[PDB]
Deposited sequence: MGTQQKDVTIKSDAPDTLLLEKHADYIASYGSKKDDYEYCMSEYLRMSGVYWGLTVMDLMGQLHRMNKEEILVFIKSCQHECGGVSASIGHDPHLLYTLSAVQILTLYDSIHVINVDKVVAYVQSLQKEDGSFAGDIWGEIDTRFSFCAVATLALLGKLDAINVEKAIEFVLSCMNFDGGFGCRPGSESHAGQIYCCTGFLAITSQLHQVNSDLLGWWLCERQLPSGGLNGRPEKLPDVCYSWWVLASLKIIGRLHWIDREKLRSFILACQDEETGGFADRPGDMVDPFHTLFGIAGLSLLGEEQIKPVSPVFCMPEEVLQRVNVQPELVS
């Protein structure tokens, strides 16, 4: 029922040049208030620029120095200088260094030791030393290790067992055992299962149905029943569908029109929904969504790592998907 109504003067063409300009100029109120996620912000900007063929317009040397200064003695990476290390920003950092072929800018052995240290007896991962358990962190852990070639450093079978214990009646996954299904969690868990070669344990027809029912009459996707559509849930849902070989179960044209309607024609960037304020987070996920739908002007994107496939080919980390 709850949906947006797209107006007939909503953008209907891809404004790539404007998007590159928007991201290229980003960070020249909200910028300073989101410093607690800065490393991820950098990842979103660099990844979308690379998908658009514009990575060179960002400042490689400056980012490499920032990343090195964010690695803590324990081996984990923080969101920004002086903040605390966390699996989230450790993954982001490693994704950035992978984009830039500069992994040895940081201490890889210590990254591995940090990730290893956060696994619990039941196979789960805490985000950091303070112990919050979430399947997001299972994904951060294996995605980080996969990119470093060190997946063997953790207890993989126990990690699999934990993630599978989070599978629900509807075929989806939540944060922890007993948690309700949510597209974000489904993306992390199907990504996790792709990396660890366990996609045969997903009920692809059941989960696939739950995911395609996220598409609303507007064409946009929500992240769970009864929520408004958003250009980013749209992404988690499509990547999950692609991983389980069911991308054709949504109406590609209606979704493409919804995503294009979220662009700001004046400033560039995408918003969560048409007419709203843009940001780099939704710009990445809007552009990434369009690539999965087969947009020629954008590089092919990995549904698992949300990085250009040509980068993953380079490091030879390409999980087999369902189809």
Requested in this report: Compare what was deposited with what's modelled and send me the C-alpha-less stretches, numbered from 1.
Outcome: 1-4, 33-36
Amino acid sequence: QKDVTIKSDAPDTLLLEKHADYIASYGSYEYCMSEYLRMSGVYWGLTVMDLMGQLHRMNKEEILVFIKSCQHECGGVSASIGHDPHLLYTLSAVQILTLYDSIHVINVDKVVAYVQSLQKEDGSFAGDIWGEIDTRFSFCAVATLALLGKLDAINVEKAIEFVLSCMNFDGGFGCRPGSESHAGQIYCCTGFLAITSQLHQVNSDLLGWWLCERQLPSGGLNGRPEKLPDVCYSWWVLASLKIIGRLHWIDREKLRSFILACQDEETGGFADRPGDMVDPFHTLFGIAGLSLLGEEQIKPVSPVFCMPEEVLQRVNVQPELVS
From here on, numbers count along this sequence of modelled residues.
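In this text, the rigid core denotes the largest set of C-alpha atoms whose superposition between the two forms falls within 1.5 Å.
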Query raised in the report: Which of 146-154 and 227-235 lies farther, on average, from the shown form in 9 other deposited structures of this protein once the rigid core is superposed (C-alpha RMS)?
Result: 227-235
Query raised in the report: 54-62 versus 29-37: which one's CA atoms end up farther from this form in 9 other deposited structures of this protein after a core fit?
Result: 29-37
Report summary line: Averaging the C-alpha temperature factors as deposited, the higher value of 154-162 versus 99-107 falls on 99-107
**Report entry** Mean Cα B-factor comparison, 276-284 or 30-38, giving the higher one as deposited
**Finding:** 30-38
Report task. Within this chain's modelled residues, let me know which third the CA B factor of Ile129 belongs to: lowest, middle or highest. Result -> middle
Report summary line: Entry-reported C-alpha B-factor of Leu199 relative to its chain, by third, is middle
Query raised in the report: Is the Cα B-factor recorded for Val77 in the lowest, middle or highest third of its chain?
Result: lowest
Query - Third of the chain, ranked by Cα B-factor, where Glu226 sits - result: highest
Query - Chain thirds of CA B-factor: placement of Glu253 - result: highest
